[PDB]
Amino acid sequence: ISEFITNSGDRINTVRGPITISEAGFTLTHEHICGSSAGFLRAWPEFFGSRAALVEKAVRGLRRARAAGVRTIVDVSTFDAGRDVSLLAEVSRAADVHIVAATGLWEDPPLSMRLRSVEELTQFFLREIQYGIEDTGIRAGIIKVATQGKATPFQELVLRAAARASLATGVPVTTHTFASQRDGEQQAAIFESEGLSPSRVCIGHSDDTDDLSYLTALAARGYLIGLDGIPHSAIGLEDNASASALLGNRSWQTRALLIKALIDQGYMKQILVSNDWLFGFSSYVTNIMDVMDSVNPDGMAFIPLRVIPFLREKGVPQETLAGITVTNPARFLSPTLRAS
């Protein structure tokens, strides 16, 4: 019954305010409006043509995803990935797509973050969840963290501060991994040393690897497996070294078949899927957004328009695909009880 109930119930924070869990609907759990650096969009909007050009590009892209069935995206851009929550709020309103904003730290923290203690980082993450981001009043609904191989000492602090903020607020944790180095195992160990429940943790970029034994072992422990970069592929772009380095040479079909493999091995309930797409991208080489758009014009609509029909023909029932894209994110994003 309660799955049909919109006008009451528990709540997820978005850039437009709280929404009920049922309103979230089809949710992409790892996306970006703009992948940048802190303060960069405000200091140099001409890098993106203009701020207005970026807004208009993002609103059209979100409308394309919405027409394909998407109702919510989780923007896992942190402070140091140049998250501008005022941009998210504007494009969410214009496109009528819910956007959940993130706290945490990604792979480019400035000195003012790198020098902080685990206690200080915990207060910063709590601030963005409990008080709001900057002076906007918009509260983060997820905590994003990152490793790229064996964790640095600072990255361990970030992982611990994220676990502590999650336990205190109930909001979930989502991670960036170097999947081929099995980063999720060390992340899991640190999270579990802090008492964090695996069901509150998504081990991301897990479709970057073909090692099913690594993925199923994490899923068997209750971790969520983020198969979040399905359209990332430089096939056909072999003469472009920067695009090949970033997007890899594994096909989207290979990445998507990992979704079916986890389903076949009984781990449907542990799967989250996404595109890891963006509408602006300044933290890499200059032409990269144009290159990515030439590869995947569907943008964030790639999961519903391409991946779902591909898995359907492979025999995955629609109800299973709806469970992965609607129910699984709703359980992930719904805050748990605060500790104490």
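One rule holds for the numbers: they count along the sequence shown, beginning at 1.
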Look over 104-112 and 207-215 in the entry and identify the one with the greater average Cα temperature factor. 207-215
Determine, for stretches 18-26 and 323-331, which one has the higher mean CA B-factor as deposited. 18-26
In terms of CA temperature factor as recorded, identify the highest of 175, 181, 77, 166. 181
Report the option among 293, 56, 46, 31 whose CA atom has the maximum B-factor in the deposited record. 56
Classify residue 313 as lowest, middle or highest third according to the C-alpha B-factor given in the PDB entry, relative to its own chain. highest
Report the third (lowest, middle or highest) to which the CA temperature factor of residue 93 belongs, ranking only the modelled residues of the same chain. highest
Looking at the temperature factor on the CA atom of residue 245, which third of the chain's modelled residues does it land in? highest
Ranked C-alpha temperature factor of residue 124 among modelled chain residues, by third: middle
Sorting by Cα B-factor within the chain, modelled residues only, which third would residue 134 end up in: lowest, middle or highest? middle
